[PDB]
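Secondary and tertiary structure notes
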Amino acid sequence: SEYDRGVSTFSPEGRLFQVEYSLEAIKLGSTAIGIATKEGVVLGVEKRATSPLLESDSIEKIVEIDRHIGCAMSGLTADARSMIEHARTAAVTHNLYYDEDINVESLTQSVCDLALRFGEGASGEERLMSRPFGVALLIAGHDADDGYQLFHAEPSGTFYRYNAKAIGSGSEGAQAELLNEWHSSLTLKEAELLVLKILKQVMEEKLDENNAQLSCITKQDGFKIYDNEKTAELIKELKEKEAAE
Amino acid sequence: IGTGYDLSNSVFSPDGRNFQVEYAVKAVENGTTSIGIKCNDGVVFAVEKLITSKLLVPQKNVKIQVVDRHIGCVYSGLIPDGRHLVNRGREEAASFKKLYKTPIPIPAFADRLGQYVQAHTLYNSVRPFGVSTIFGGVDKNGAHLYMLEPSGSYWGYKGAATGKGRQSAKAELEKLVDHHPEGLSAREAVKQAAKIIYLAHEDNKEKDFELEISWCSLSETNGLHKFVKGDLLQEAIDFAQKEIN
Amino acid sequence: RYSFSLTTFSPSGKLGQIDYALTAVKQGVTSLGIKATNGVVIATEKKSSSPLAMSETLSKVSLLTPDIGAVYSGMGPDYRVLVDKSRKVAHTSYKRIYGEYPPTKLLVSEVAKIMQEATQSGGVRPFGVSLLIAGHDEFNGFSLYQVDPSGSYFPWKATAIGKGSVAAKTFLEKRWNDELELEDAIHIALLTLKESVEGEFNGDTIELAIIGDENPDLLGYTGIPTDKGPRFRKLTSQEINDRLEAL
Amino acid sequence: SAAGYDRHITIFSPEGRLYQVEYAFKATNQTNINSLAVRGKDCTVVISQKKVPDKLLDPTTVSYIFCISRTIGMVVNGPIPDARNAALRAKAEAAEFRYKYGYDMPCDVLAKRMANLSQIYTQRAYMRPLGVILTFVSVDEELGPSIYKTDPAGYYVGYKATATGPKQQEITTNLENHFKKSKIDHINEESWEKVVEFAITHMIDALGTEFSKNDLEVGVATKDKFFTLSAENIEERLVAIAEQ
Amino acid sequence: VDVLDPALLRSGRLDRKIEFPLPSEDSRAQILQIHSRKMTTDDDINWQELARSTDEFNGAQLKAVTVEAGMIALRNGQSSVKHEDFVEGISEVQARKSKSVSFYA
Amino acid sequence: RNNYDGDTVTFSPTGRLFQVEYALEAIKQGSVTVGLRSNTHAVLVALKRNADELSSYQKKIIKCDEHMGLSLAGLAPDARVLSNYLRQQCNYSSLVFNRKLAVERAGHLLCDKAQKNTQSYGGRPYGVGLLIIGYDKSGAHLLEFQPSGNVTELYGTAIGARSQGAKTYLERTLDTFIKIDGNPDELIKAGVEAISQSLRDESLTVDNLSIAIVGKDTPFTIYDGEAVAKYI
Amino acid sequence: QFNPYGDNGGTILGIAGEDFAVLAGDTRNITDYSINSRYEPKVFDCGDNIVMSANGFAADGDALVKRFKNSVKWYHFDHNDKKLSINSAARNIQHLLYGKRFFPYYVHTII
Amino acid sequence: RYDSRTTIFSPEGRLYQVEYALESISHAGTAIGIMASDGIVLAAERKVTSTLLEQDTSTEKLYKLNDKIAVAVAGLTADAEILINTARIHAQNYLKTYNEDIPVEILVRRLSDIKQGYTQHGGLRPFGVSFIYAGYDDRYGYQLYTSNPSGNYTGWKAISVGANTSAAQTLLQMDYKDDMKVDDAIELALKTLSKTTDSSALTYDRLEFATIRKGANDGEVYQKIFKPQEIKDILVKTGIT
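As documented in the archive entry, the model was determined using cryo-EM at 4.5 Å resolution.

In the annotation of the PDB entry, chain G is listed under the name Proteasome subunit beta type-6 and assigned to Saccharomyces cerevisiae. In its PDB record the entry is named "26S proteasome, s4 state".

Under the annotation held in the PDB entry, chain D carries the name Proteasome subunit alpha type-1 and is attributed to Saccharomyces cerevisiae.

Structure (structure tokens):
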């Protein structure tokens, strides 16, 4: 209104407006869905082709953070460049210090500590980022003493564990379906096709393998980013499933 | 008065004042009553500490602090703003012990404090302090009691008062000086200190108070600061109750 | 809107803080300089707005170095710092590089350079004053220069600045010659200044000094003939009186 | 008027003079006291009024006259906060000059470094000008009695006698008439005491009010020394006036 | 009074001008109570808590809070007012929304 | 007025700062937690929120040390910072002084932290209230932190959204639970009773409770799930 | 001049079994030709079923023990109560030892 | 508007500050460089005048940066002072480092970068100076550039910056030729200047000149700022006086 330009700086409600506005950056972005299952976490994404000259599989919206921590992203890829780098460093130094695979929970906190720098000067951690970040993550992995976890990193520095979580434009709609579609007894093939069922409904174009990019965390396979041949096969099986019904 | 000149604490008004620095004094008015009674062989501090919710533990929250080990301070106004000012007063006293290897002179102390208030009225990103600090003790030159205003101005006093009930507080304080030409003996100035704050608590009648009185006396504390406790504080309470009815 | 940063230009160009600084200058006292071919005379008048205040205490004519003096017009406080900063730069840049005082041409650039910094930063204001600097060196002769709070310098044969500038300037234009003695130049100077004030014009309140030919009197040491005394000399009241009587 | 730039001392007016710097010359009448200093023929006397409105204050901590260093006094008009900061700076400067340059710092060199310091406070925007007139008094090692008034703009000019405060103009005219009729620039009295008496006489006349030994504080420079007189030494001088 | 005619105040044509400020903390506590009397009244309501929270509030504005506390209470169907209802009555009389979840809520 | 609320280094005429009052409002806007204590034990009981029912909650109880720990109410960003700094202070005490850092001193350093950003330009009042518990030599203490930085020793207090129903309740039983000693269980019980009345339109769940206890001979421990289902 | 180190003797010994593992050592601490102390624990439990012994020069060794002790707590706070493995500990200690390398610790450590 | 910082952009992707800083250079006197394939002549008009202004012993818009490249000045003189000093140091710094004098193209690039930096970074003014560079380096022979205050440069065979830019440029390209001559080039600057200027006298006291030639001696390169009495002498020959 008249209380919103600064980041310090309140606000008759009591909220930092700049921080809340970055929430709205995430909806600008393309839909990304993650679903934890007891066999692994599947991070699918949507890509959107502005021209069919933008080469789909050279834009990266899933990225490798380590051999056991992955991320999907949505929002500004300008902000995602610094955001992601930090976390890649976190996993690599943790293995250096303790030899142990970084815990997903702690890896989130490292991202979100970096998110906290807003000001241009504070007591404690010394602030050196001029604005809140404009990117959310879904953080997926597997640690050995708590199994598979799926977290959502916020650019506001708060982390919610989830069983399943969607961000992007199609966040509301996916979230509505996943309220009716998560179970204890789901399996990773099942997850994979679950992500695509939800995905087609919340994509503005149509479901092709060019405009999709799924990936898994399985303890056996580690982090595996798929191909389009792989992704296409799964699409053909979704359509078969919906035919019978 | 007019628009502008408030905002920034180094803008001088067309009136030859600095409004921001005045506005602080007004914040000190709202704070809880404090007085200092100077003596010919001690100093006495007493304070009105309101108890505003009865789930509070009694005798445990105080706006009395010691500095070094010979000087008493008590502040009115905003409490945590007042804690920072006594805090810088501890660093200064402590620095003083290494360099010059002696307890601070009470006027020496006053000089250092007066400079700190002046510096936070001297920039455009610092904040003017919204507190008074009555402080003093007994040193090499006998007893001295000073009062530092949030304008960065201070003077010596035979009687100092600040707070809400400060107008009532000055009326009784003047009386003390006239009936007692020597400046009142320190022992009896504790019992007197209680009664003056009891009369000031009738301008704040709605809330309960807890009476905390501390002193510094050449005669009856060996030139050291210590709080007034147990039976001694009890007498001061009983005397005060008597003479108000 | 373009007025009040130093950072904002107008649509028509130029910066306002420099323009408003020039306004300030013109409020100050009437000071004037005439270049001669054997000197330079530099002159100003003084006041204090109270006779109780002594008039030697003030100095509006100051030797910058032994061979180069200066005056001003404009705000009083700003002069006093800027002359301290100038003497101090004079040593740093040139009295350790030549091991003696710098030429006139050089030092004009160095003082002009402090102005340039007091415009370059924002949240630091220009200086309030315009200097005349006159001095003498062994390769370009006697010389005179104007150093503006802009951070620009202009060479001058004759100029005036301050409140009485516009009137003084037209009197100078007419009366100047290309070849004058030091002595004649003093008489054109006292007279010019007497345009600005009358009936309170006396040698006591008029400070008038010169950069002429060496004086062995103020050298202070003798027996070394391979160095020159101060080209600068401040004239006293009684000496100004001889010249004012002689008019 | 207004718009910008009574909010800034780093941004000029279309006048060419900084409006906030002028306000420091309106912030000097804030405590409603008046100072007088006059020159003798080997002493300087400076006297400023003392207000003790309530009996709570101790008139011994209420002062505006300060010992700056061994040979140097100062009386301050305007508020207590800028008074302390100025006084401190001066105390620090006086002290410093000596280790660098050796001997006792002249009244003139102190006044000039404080004036240059005031001008810097107006140069930068992150520091405001001070809110005090400083009137320094000393008897100089080689120039003898000297009064230098340094204003909070960074202007400094000497004096034969000076007065400051809100009732200044009345003391100033009083002094013009006096120094003009004698045909000298000094008081020709040859002890410090009869120069303190004359000063008392003149402040009483100009303001038009009898003052008391609890309403004067008097600092006296002699050569090589400075002292501030207590109330009971101040009375000796008063009873000298009261019956001649 | 800025709109008011200057010649009516001018001189001792009319004497004594009396300014009523915003209610004080003291005054706020009293104003809510009296109105509450008319509806259902419960003593779990701590009226001091309410008086602190409100900033720059008039007696007009507080009557609306008292009435509002009744509107939320009836809505739910609780035939006995709570302190909770009252606290939710400050932020529906004011144009703000305090009902919107955040990044920590 | 309401125009002096732009910044923290500027005061209002009556003298406030609107930003500190606003940081204060935020505590209420967040979470609810209720603190209480006894001569022998200190207990915090708090409601955890979740965004939705595919969310699995966010913990509000931060173990500081094995004799100190806190709850939060208001902004979660603000809290992460103050807790980290506090943890630094306990380790410092241990390292250099060999001493379990006293709850009384600790709040005062917390107060000092708070005021740094209140004075300065940049920063912001911290957007969270904290209830700090510990058991040192001087027994149990419970501290109430504010955005101003004022730290307040109580037998029992509560902060956050609609927390006054716990405060009315605690007031009623005050002296009752003070007498309860040597029995950790019963203080957990009282505490569940207090945060029930505060709630309204929600009731307790196994994953809404986090009960944080330190007492005489026990370290700080954060209990969750099937250790809060005896007091569901 | 100054000697920044000296020595303090003693013998520590680690034997790894195959489900129990023992870390033993003398309590005698000496300097030159003084027996300083008869009793003095030099094998210190650190929690998480890790014993640490750092023997040589007492200054260097007691300081290192203490600094590791602080880490175990920092590990629980930032890693939400994850136990430390012995091999993970072994790596933490390498970075503690190398962390001064131009004034290094000068004690032979066994965990 | 989007005047208020220099590190902002506008809804159209202009920046008012870059435009305003550009218009500053049409407030200060004409400056002309004409390249010919037998020398480059720099000529400039003064923007100040009066019978007691000294301007008959001095140059103030012809600076030799180093010994083979020089600039004509147009724009504010204060802005000009600092960048001329920086430019001379870097030209000459190269001299020290590589023991051969700086090429023309590199030195203009360097100084443009410094210009650009004041717009790009901080809370500072852009620099309102347009320098006409005339150099020789044996890579491209004779080189004429001018640098914008925006901070970019383009090569030229003739250019005019400073006051009356549009008029001067039209005048120059009517009578210019690619074959040309250095002596025809001098006469051309003098031709253009009569028209462009608002002073109808157009005498020596208003005129600066320097010609840079490699036809001056042979195998050698000579930068010659002419002296005031030569500037007078050539005004008879072109017939303006």
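From this point on, the discussion continues.
Across its full length, chain D holds 6 helices and 10 strands. By the compact-globule yardstick of 18 Å for 244 residues, chain D fits well, its C-alpha radius of gyration being 18 Å. Based on the C-alpha atoms only, the size of chain D along its principal axes is roughly 60 × 45 × 45 Å. Every one of the 244 residues in chain D was classed for burial, and the buried ones make up 58%. Within chain D, residue pairs in contact and separated by at least 24 positions form 62% of the contacts whose partners lie at least 6 positions apart.

Residues and elements named next belong to chain H. If you walk across this open sheet you meet the 5 strands as β8-β1-β2-β9-β10, and the pairing is antiparallel. The open sheet has two edge strands with one neighbour each: β8 (158-161) and β10 (222-225). Each neighbouring strand pair of the sheet contributes to a mean axis angle of 10°, computed without reference to strand direction.

This paragraph deals with the interface of chain C and chain D. With 30 residues of chain C at the interface, the matching set in chain D holds 33 residues. When chain C packs against chain D, the two sides together hide about 3,000 Å² of surface, and 61% of this comes from carbon and sulfur. At the boundary of chain C and chain D, one finds 0 salt bridges. Linking chain C with chain D are 8 residue pairs in polar contact. Counting only elements with at least two residues in the side of chain C that touches chain D, the list comes to α1 (16-25) and α2 (76-94) of chain C. Looking at which element gives the most residues to the side of chain C that touches chain D, the answer is α2(C), with 7 residues. For the side of chain C that touches chain D, a count of residues per class yields 16 nonpolar, 7 polar and 7 charged.

Residue and element names in this part refer to chain G. Across the sheet, which stays open at both edges, the 3 strands sit in the order β5-β6-β7 with antiparallel pairing between neighbours. Two strands lie at the open edges of the sheet, namely β5 (43-45) and β7 (107-110), each paired on one side alone. Neighbour-to-neighbour, the strand axes of the sheet open up by a mean angle of 25°, direction not taken into account. Two strands pair when backbone bridges link them, and β5 and strand β6 (residues 51-56) are joined in this way by 3 bridges, in the antiparallel orientation. Of the residues in β6, the one forming a bridge with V43 is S53.

With 10 pairs of chains in contact overall, the greatest share of contacts is found between chains C and D. Between chain C and chain E there is no contact; the minimum C-alpha to C-alpha separation amounts to 32 Å. There is a gap between chain B and chain H: no contact, and a shortest C-alpha distance of 18 Å.

So, about unusual backbone geometry. A cis amide bond links A:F10 with the next residue in sequence, A:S11, at an omega value of -5°. With respect to the element layout, A:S11 can be found in the segment before α1 (17-21). Note the cis peptide between F:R1 and F:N2, where omega equals 15°. Inspection of the secondary structure puts F:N2 in the segment before α1 (18-29). Unusually for a residue other than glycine, C:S49 sits at a positive phi of about 60°. Looking at the secondary structure, you find C:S49 in the loop between β2 (40-45) and β3 (62-65). Of note in the backbone geometry, G:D81 takes a positive phi value of approximately 75° without being a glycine. As for its placement among the helices and strands, G:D81 is situated in the loop between α1 (58-78) and α2 (86-97).

For the coordinates displayed, the defined rule picks out 36 aromatic pairs over all chains. Look at B:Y123 and D:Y126: their rings are 4.8 Å apart centre to centre, the planes differ by 40°, and that puts the pair in the tilted class. With B:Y123 in the loop between α3 (106-119) and β5 (131-139) and D:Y126 in the loop between α3 (107-123) and β5 (133-140), this residue pair bridges two chains. One aromatic cluster in this structure is built from B:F109, B:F135, B:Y146 and B:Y154. When the ring centre of A:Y226 is taken as reference, the NZ or CZ atom of A:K230 above it lies at 3.7 Å. Positioned over the ring face of C:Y101 is C:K95, at 5.7 Å from the centre of the ring.

Topologically, C:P11 is positioned in the segment before α1. Spatially, the C-alpha atoms of C:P11 and C:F127 are 25 Å apart, while their sequence positions differ by 116 residues. Not counting residues within four places of it along the chain, the set of residues in contact with C:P11 comprises C:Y2, H:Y20 and H:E23.

Our next topic: the pattern of salt bridges. In the structure shown here, the tally under the stated rule is 72 salt bridges over all chains. A salt bridge links G:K82 to A:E100, with the nearest nitrogen and oxygen atoms 3.0 Å apart. With G:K82 in the loop between α1 and α2 and A:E100 in the loop between α2 (77-98) and α3 (104-115), the pair connects residues from two separate chains. A:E100 matches G:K82 in its accessibility class, with the two residues each being buried. Here D:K55 ties to B:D178 by a salt bridge, and the two come within 3.5 Å at their closest N and O atoms. With D:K55 in the loop between β2 (44-49) and β3 (65-69) and B:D178 in helix α4 (residues 166-179), the pair connects residues from two separate chains. Take B:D178: its relative accessible area is 45%, and that puts it in the partly exposed class. One salt-bridge network, held together by shared partners, links E:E84, E:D85, E:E88, F:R162, F:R200 and F:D201.

Residues C:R87, C:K88, D:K112 and D:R113 make up a contiguous surface patch of positive charge. Examined against the element boundaries, C:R87 turns out to sit in helix α2.

Here we come to the interface of chain G and chain A. Contacts between the two partners involve 13 residues from chain G, matched on the other side by 11 residues from chain A. Summed over both partners, the interface of chain G with chain A comes to about 1,100 Å²; 41% of that surface belongs to carbon and sulfur atoms. There are 3 salt bridges connecting chain G and chain A. In this structure, A:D99 engages G:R91 in a salt bridge whose closest nitrogen and oxygen atoms are separated by 3.0 Å. At the boundary of chain G and chain A, one finds 7 residue pairs in polar contact. Contributions of two or more residues to the side of chain G that touches chain A are made by α1 and α2 of chain G. When residues of the side of chain G that touches chain A are assigned to their parent elements, the largest contribution, 5 residues, is made by α2(G). Tallied by class, the residues present in the side of chain G that touches chain A amount to 2 nonpolar, 7 polar and 4 charged.

Reading the values: rules and limits
Residues numbered from 1 in each chain as written, not as in the entry; some residues may be left out. Chains lettered and ligands numbered in written order. Part of a larger assembly, values for the part shown. Heavy atoms only, no water. Helix = DSSP H or I, 4+ residues; strand = E, 2+ residues; numbered from the N terminus. Rg over C-alpha atoms; globule rule 2.2 N^0.38 Å. Buried < 20%, exposed > 50% of the residue type's maximum accessible area, 1.4 Å probe, protein only. Contact = heavy atoms within 4.5 Å. Pairing = 2+ DSSP bridges. Axes fitted to C-alpha atoms, helices over the stretch in contact; angles between N-to-C directions. Buried area = accessible area lost by both parts, 1.4 Å probe. Salt bridge = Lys/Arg side-chain N within 4 Å of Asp/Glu carboxyl O. Polar contact = N/O pair within 3.5 Å; in protein donor to acceptor, adjacent residues only side chain to side chain. Nonpolar A, V, L, I, M, F, W, Y, C, P; charged D, E, K, R; others polar. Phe/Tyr/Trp six-rings, centres within 6.5 Å; stacked < 30°, edge-to-face > 60°. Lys NZ or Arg CZ within 6 Å of the ring centre and 35° of its normal. Patch = residues over 30% accessible without salt bridge, like charges linked within 9 Å, V, L, I, M, F, W, Y side chains within 5 Å. Areas by Shrake-Rupley, 256 points an atom, 1.4 Å probe, with all protein chains shown as cover. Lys, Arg positive; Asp, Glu negative; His and termini not counted. Charge placed at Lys NZ, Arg CZ, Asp CG, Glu CD.

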